[PDB]
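Notes follow the structure.
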Amino acid sequence: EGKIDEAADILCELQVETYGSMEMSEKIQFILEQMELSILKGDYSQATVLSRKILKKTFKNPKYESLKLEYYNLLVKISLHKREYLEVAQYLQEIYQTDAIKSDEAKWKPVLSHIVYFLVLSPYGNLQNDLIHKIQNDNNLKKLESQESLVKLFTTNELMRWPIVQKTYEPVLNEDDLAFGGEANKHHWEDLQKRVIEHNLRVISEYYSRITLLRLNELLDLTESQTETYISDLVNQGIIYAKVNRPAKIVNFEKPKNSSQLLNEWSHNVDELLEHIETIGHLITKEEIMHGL
Amino acid sequence: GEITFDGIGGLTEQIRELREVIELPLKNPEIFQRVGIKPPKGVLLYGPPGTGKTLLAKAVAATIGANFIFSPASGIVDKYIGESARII
Amino acid sequence: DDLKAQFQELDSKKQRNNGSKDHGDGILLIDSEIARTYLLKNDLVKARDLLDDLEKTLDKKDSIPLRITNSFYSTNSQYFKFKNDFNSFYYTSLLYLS
Amino acid sequence: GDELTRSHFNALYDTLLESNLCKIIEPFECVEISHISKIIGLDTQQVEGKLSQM
């Protein structure tokens with residue numbers, strides 16, 4: 001009949017009154033039913049509370065065939081409205097190593113291509129290096145290696161081919177199928193350019209000592225006002241530490257080192273030389289067998 | 001086993017009083033957690049003598065089977081130095 | 001297929017660690033020959049699927065001589081040859097030559 | 001519309017101004033004073049007076 005609020009109001013008072021976690025297959029249905037009505041109602045905060053209660057109960061309980069049906073949608077739908085990509089790759093990776101009866105040996109492999117792409121939209125992470133050594137990522141779909149080849153380009157990024165791909169090839173970028181399904185061209189590209197700019201700015205802080213403002217406009221392909229916009233935002237977030245020098249038209253990316261910090265690494269260098277001397281000391285006697293032969 | 005639920009008959013109205021404070025929380029403690037009430041700890045038995053108040057203790061020991069401890073009032077009163085406080 | 005691993009080859013006989021050098025059994029050698037059978041004939045999709053079980057077996061169980069390593073490097077030498085990556089093929093050929 | 005709470009926002013004019021300068025000083029020092037007045041939208045003498053106050 002096209003009634004949203006009328007169906008949610010009768011089930012709203014029940015969600016707390018359902019069960020003491022006695023039933024198994026039945027408890028999964030009622031808790032995940034209100035999450036479908038809350039999303040259609042226009043509020044994702046109501047389904048967030050229910051998501052924390054059902055996750056801790058099923059943590060030690062194995063998921064059957066009638067369970068994982070709704071865990072492929074309601075879990076990743078809440079993070080869509082929140083626009084937080086750090087949690088998107090967490091639920092998609094958690095369903096990998098499970099029993100995986102619904103996970104195909106063919107159709108599910110291209111889904112991993114989106115998971116690797118979702119780490120780009122997120123502020124890096126600890127899950128990037130884990131997908132490099134995966135066996136299924138190096139075979140079958142060639143786009144698995146294409147998104148993986150971009151992972152090795154994080155530190156080496158010159159931004160030469162990045163605007164080329166963004167203007168030409170967008171298989172997983174503006175068109176989603178097996179993960180998000182797609183929304184709009186401006187939704188995925190809003191945070192896309194923000195991360196690609198952040199890819200070079202993180203390398204500069206860890207590599208380049210200082211760069212002129214005229215050179216930053218050639219790489220990032222921005223103007224004078226747009227260049228300092230993304231740079232100043234990363235400083236307030238406690239990520240990139242850089243001192244922009246306007247009169248010299250440069251930016252100082254070298255972090256200041258105190259007198260104690262310079263002498264700190266000097267103590268490690270002295271202890272390091274004693275490690276090499278210790279290594280060479282035991283290699284003389286070891287290699288002496290071949291000399292005295 | 002000697003006295004059972006059949007020998008304590010006639011107290012049926014007062015027998016369900018103990019089943020709620022003993023049999024109910026031990027068999028299904030989660031019921032009190034759903035409503036939010038706290039499980040009752042102590043239970044007082046009073047009345048005229050000879051009504052079977054002692055038989056309520058023997059009837060539970062021969063049915064539930066849990067380990068029980070009989071604590072008479074005059075058994076813990078042994079005194080040397082602060083002895084009754086230690087026995088409790 | 002008539003032999004495979006630990007069917008007809010294993011009754012009273014001990015484990016010589018496949019066929020790498022001199023005498024040996026057919027347990028781990030046939031699994032290595034099948035990996036190179038589809039590698040030099042069919043595509044590389046079915047070749048690596050059975051190659052990972054051979055690589056994990058070598059890392060879990062090995063022997064003193066290098067006879068098994070050279071036979072294992074010979075399988076990977078033909079795997080990276082048909083691919084477009086010459087960096088992994090370069091390091092693979094160094095272990096095979098040694 | 002409330003005159004009781006109006007005195008608070010009048011005091012926040014200098015507080016939020018000093019808070020807005022925190023976003024301007026994000027690239028540490030070596031910034032142009034004239035470039036600061038263009039972002040905040042105030043006179044040069046008005047900005048130089050507030051910077052010396054902090």
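In the structure tokens, chains take letters A, B, ... by order of appearance, with residues numbered from 1 within each chain and ligands from 1 in the order shown.
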Show which residues sit within 9 Å of residue 69 in chain A, as a list in words. Count only C-alpha atoms, and ignore same-chain residues fewer than 4 positions away. residues 65, 73 and 102 of chain A
May I have the residues from that selection written out with N, CA, C and O atoms, as a short mmCIF file (atom, residue, chain, number, x, y, z; two decimals), in the first residue's frame?
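That gives us result_21.cif:
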data_model
loop_
_atom_site.label_atom_id
_atom_site.label_comp_id
_atom_site.auth_asym_id
_atom_site.auth_seq_id
_atom_site.Cartn_x
_atom_site.Cartn_y
_atom_site.Cartn_z
N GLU A 65 22.64 -20.34 6.10
CA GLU A 65 22.25 -19.84 4.79
C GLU A 65 21.19 -18.75 4.89
O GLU A 65 21.17 -17.82 4.07
N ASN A 73 23.96 -6.24 2.66
CA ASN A 73 23.33 -4.97 2.31
C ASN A 73 23.24 -4.03 3.50
O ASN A 73 23.82 -2.95 3.47
N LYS A 102 27.68 -18.70 -0.29
CA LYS A 102 27.11 -17.78 -1.26
C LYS A 102 28.18 -17.07 -2.08
O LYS A 102 27.84 -16.41 -3.07
#
Please determine the contact residues of chain C with respect to chain A at a cut-off of 10 Å, counting only C-alpha atoms, and supply them as an mmCIF file with C-alpha atoms, in the first residue's frame.
data_model
loop_
_atom_site.group_PDB
_atom_site.id
_atom_site.type_symbol
_atom_site.label_atom_id
_atom_site.label_comp_id
_atom_site.auth_asym_id
_atom_site.auth_seq_id
_atom_site.Cartn_x
_atom_site.Cartn_y
_atom_site.Cartn_z
ATOM 1 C CA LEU C 44 48.380 -20.419 -16.613
ATOM 2 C CA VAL C 45 45.066 -20.328 -14.717
ATOM 3 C CA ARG C 48 49.062 -21.928 -10.417
ATOM 4 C CA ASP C 49 46.075 -23.494 -8.628
ATOM 5 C CA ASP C 52 50.397 -23.178 -4.567
#
Let's see if you can do this: from backbone DSSP, list all alpha helix (DSSP H) residues in range 35-82 of chain B, as a compact mmCIF listing (two decimals) with N, CA, C and O atoms, in the first residue's frame.
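That gives us result-v2.txt:
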# COMPACT_ATOMS: atom_id res chain seq x y z
N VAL B 35 12.87 -8.18 32.21
CA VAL B 35 12.06 -7.15 32.86
C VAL B 35 12.95 -6.11 33.53
O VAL B 35 12.65 -4.91 33.53
N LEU B 55 9.54 -28.61 56.76
CA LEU B 55 9.37 -29.54 55.65
C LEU B 55 9.64 -28.89 54.30
O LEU B 55 9.94 -29.60 53.33
N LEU B 56 9.53 -27.56 54.21
CA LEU B 56 9.86 -26.88 52.97
C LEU B 56 11.34 -26.97 52.65
O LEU B 56 11.74 -26.89 51.48
N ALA B 57 12.18 -27.14 53.67
CA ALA B 57 13.61 -27.29 53.45
C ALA B 57 13.97 -28.69 52.99
O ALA B 57 14.86 -28.87 52.14
N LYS B 58 13.29 -29.71 53.52
CA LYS B 58 13.57 -31.08 53.13
C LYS B 58 12.97 -31.44 51.78
O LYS B 58 13.51 -32.30 51.08
N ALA B 59 11.87 -30.79 51.40
CA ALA B 59 11.23 -31.10 50.12
C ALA B 59 12.06 -30.62 48.94
O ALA B 59 12.05 -31.24 47.88
N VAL B 60 12.79 -29.51 49.11
CA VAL B 60 13.60 -28.99 48.02
C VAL B 60 14.88 -29.80 47.85
O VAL B 60 15.37 -29.98 46.73
N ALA B 61 15.43 -30.32 48.95
CA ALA B 61 16.68 -31.07 48.87
C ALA B 61 16.50 -32.40 48.16
O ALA B 61 17.45 -32.92 47.57
Any idea what's packed within 12 Å of residue 23 in chain D, counting only C-alpha atoms, ignoring anything in its chain fewer than 2 positions away? Could you give it as JSON, numbers by chain? {"A": [228, 229, 231, 232, 233, 234, 235, 236, 237], "D": [16, 17, 18, 19, 20, 21, 25, 26, 27, 28, 36, 39, 40]}
Kindly indicate which residue among A:215, A:286, A:3, A:255 lies nearest to chain D, using only C-alpha atoms for the distances.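 Of A:215, A:286, A:3, A:255, the one nearest chain D, counting only C-alpha atoms, is A:255.
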Which residue is closest to residue 50 in chain C? Choose from C:37, C:6, C:88, C:63 and count only C-alpha atoms.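 Going through C:37, C:6, C:88, C:63 one by one, the smallest distance to residue 50 in chain C is for C:37.
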